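Chains as they are written, first to last, in PDB author numbering: chain P, 752 to 800; chain D, 505 to 549; chain A, 851 to 907, 916 to 998.
For reference, the structure is listed below as structure tokens.
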Amino acid sequence: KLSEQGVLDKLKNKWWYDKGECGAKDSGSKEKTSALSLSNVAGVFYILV
Amino acid sequence: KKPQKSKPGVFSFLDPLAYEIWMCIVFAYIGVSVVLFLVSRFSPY
Amino acid sequence: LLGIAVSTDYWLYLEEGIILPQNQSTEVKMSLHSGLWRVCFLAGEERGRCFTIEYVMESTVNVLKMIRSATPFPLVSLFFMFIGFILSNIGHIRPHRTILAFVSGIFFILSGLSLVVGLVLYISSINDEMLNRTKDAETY
């Protein structure tokens, strides 16, 4: 009775959507690019030395 | 686990050019160097 | 200077800590200065452990195990000034038959080459474990 009218589906929309999300909200503007590490360019030194 | 930034390899600098290019550079490094040698043999001037 | 540095276990500092959000700024949680032979642990819970790396005790321990991968090259580097300087003493008493100086000068040049290899293996072993922590916003 609750499924044919979607009360249970709204409760599925209730409990998994109210807990806060982890989606594009931290993939959108919670990135800044780092400097290069030594390990990114380390193998040039091994060829050098 | 949510995959993170991977550990960079020791050869990670040659990543932006694929393996077949780096061979075709050196093979053309030799081939131009060979032909440049044979050009200057025949010509004094 | 390399003879003092290797026995010294003050190579690198670490300050494991947790941030504090607002009207509250920072709070440290762990601290140690590290060594290449052995760790001498520091004021993290005020336990003074001059603790060997080959004995255990996390990710900061995973920092400490990877330092051993850069152990041999400064030990290689310290021996090459040991062979470099003793053959330099030979040229001072007996200056003639001068071939020993030109060979010993190579062992001055080849000594620091392992040190650059020593620092590249060392600093890259620090920064990848700097990368290898799971980036949580609450832990600085």
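Quick reminder that beta carbons are idealized off the backbone N, C-alpha and C, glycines included.
| Query | Result |
| --- | --- |
| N985(A): contacting residues in chain P (beta-carbon distance under 8 Å) | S788, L789, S790 |
| Exposure of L870(A), with buried meaning 16 or more beta-carbon neighbours within 10 Å | exposed |
| Residues of the segment 964 to 986 of chain A whose Cβ lies closer than 7 Å to any Cβ of chain P, in chain order | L971, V974, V975, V978, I981, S982, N985, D986 |
| N-terminal and C-terminal residue of the alpha helix (DSSP H) that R888(A) is part of | Where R888(A) is concerned, there is no enclosing alpha helix (DSSP H), although the beta strand (DSSP E) it sits in stretches over 888 to 891. |
| Three-state class that DSSP yields for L753(P) in the structure shown | coil |
| Inter-stretch contact at 8 Å, needing at least 3 Cβ pairs: the segment 853 to 873 of chain A / the segment 886 to 893 of chain A | yes |
| Distance CB(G976(A))-CB(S946(A)) smaller than 8 Å | no |
| Short CB-CB distance (under 8 Å) between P512(D) and chain P | yes |
| Residue span of the beta strand (DSSP E) that contains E865(A), given as start and end | 862 to 869 |
| For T876(A), the nearest candidate out of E865(A), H883(A), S884(A) (CA to CA) | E865(A) |
| Cβ of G774(P) within 8 Å of any chain D Cβ | no |
| Delimiting residues of the alpha helix (DSSP H) encompassing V795(P) | 793 to 799 |
| From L852(A), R897(A), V978(A), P932(A), residue whose alpha carbon lies closest to that of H883(A) | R897(A) |
| Simplified DSSP assignment, three categories, for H954(A) | coil |
| Length of the line joining the Cα atoms of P548(D) and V538(D) | 18 Å |
| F531(D) at chain P interface by Cβ criterion, 8 Å | no |
| Closest residue to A855(A) among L958(A), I944(A), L933(A), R991(A) (Cα-Cα distance) | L933(A) |
| Selection from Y905(A), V878(A), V906(A) that minimises the alpha carbon distance to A893(A) | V878(A) |
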